[PDB]
């Protein structure tokens, strides 16, 4: 059975990894085993002199701080964004374009980017005068918290996986992770996409294929949009995976609407289990958010994302066909 876990991990470099099976077979440890695998595969353990036991200790503490009773924003979603970023980092149109530290940053950021998520939105936290929104002054409330927790757990006993980075590497990695995770805030999607579009029209490439990014500002924009794409990758996965993501996000939204209802609060979009339209919402979210983003990312890495974009467009067509006339 550990034998079967080992076999599914052999797809760690493929879009559409079997992450829910990996979660079941690993004892609800998909984040730990997928991060462990990606580090071994990318050889970051010896590139950055990380004790393997310290890696595992940190990964397990981190995974423990994802909430088991949150339907979508839990450790399976984290493991899925980690493995998804890992794939997008290997696109030929970006090969060896990022340093081993820029690679460590995007993967570490992916792993911590929703840690300790309570399963309600930033707007809910603001409207209920939550401790979180009070702490963070209503600005990227959750995303600041994910960062703070993800970095704070490094200080637990035998958890500092960056202990053998130089102090300048540590400060560079820290800034990059903060910049990336703060960019997962959906209220920053449109600016982030506008920036990605600008970068596509003025794009420059070694005509032989590989992309040419010269200054940090553009390279962090690509890592921000990359982890953002990974965060928004469910509708681009094989349909049986995507449908499971949809079930969970709707269950999580519906529980938030139940909390807004007990409180007499207005019910947020897609959180009213008595007035929902699950399929129309997915088609809508694809049309206005997910496809504009992934179309621009495919232009950026042309044609390396074509097998990702086709799947997204297949999944949009299927969902639309579940809506009667």
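Positions refer to the first chain, counted from 1. Just so we're on the same page, rigid core means the largest C-alpha set that superposes within 1.5 Å between forms.
Root mean square Cα distance to the shown form, taken over structures and residues in 9 other deposited structures of this protein after a core fit, is higher for 207-215 when 207-215 and 70-78 are compared. Once the structures in 9 other deposited structures of this protein are superposed via the core, the pair 198-206 and 171-179 is resolved in favour of 198-206 as the more displaced stretch (C-alpha RMS). Mean CA B-factor, 278-286 versus 51-59: the higher value falls on 51-59. When 200-208 is weighed against 215-223, 200-208 comes out higher, by mean CA B-factor as recorded in the entry. For the set 194, 109, 79, 115, the maximum C-alpha B-factor listed in the entry falls on 194. Among the modelled residues of its chain, residue 143 has a C-alpha B-factor that falls in the lowest third, as given in the PDB entry. Annotation for residue 35: C-alpha temperature factor in the middle third relative to the rest of the modelled chain, per the entry.
Looking at the C-alpha B-factors along this chain, the one for residue 98 belongs to the highest third.
Sort the modelled residues of the chain by CA B factor and residue 119 lands in the lowest third. Residue 186: CA B factor lies in the lowest third for its chain, per the PDB record.
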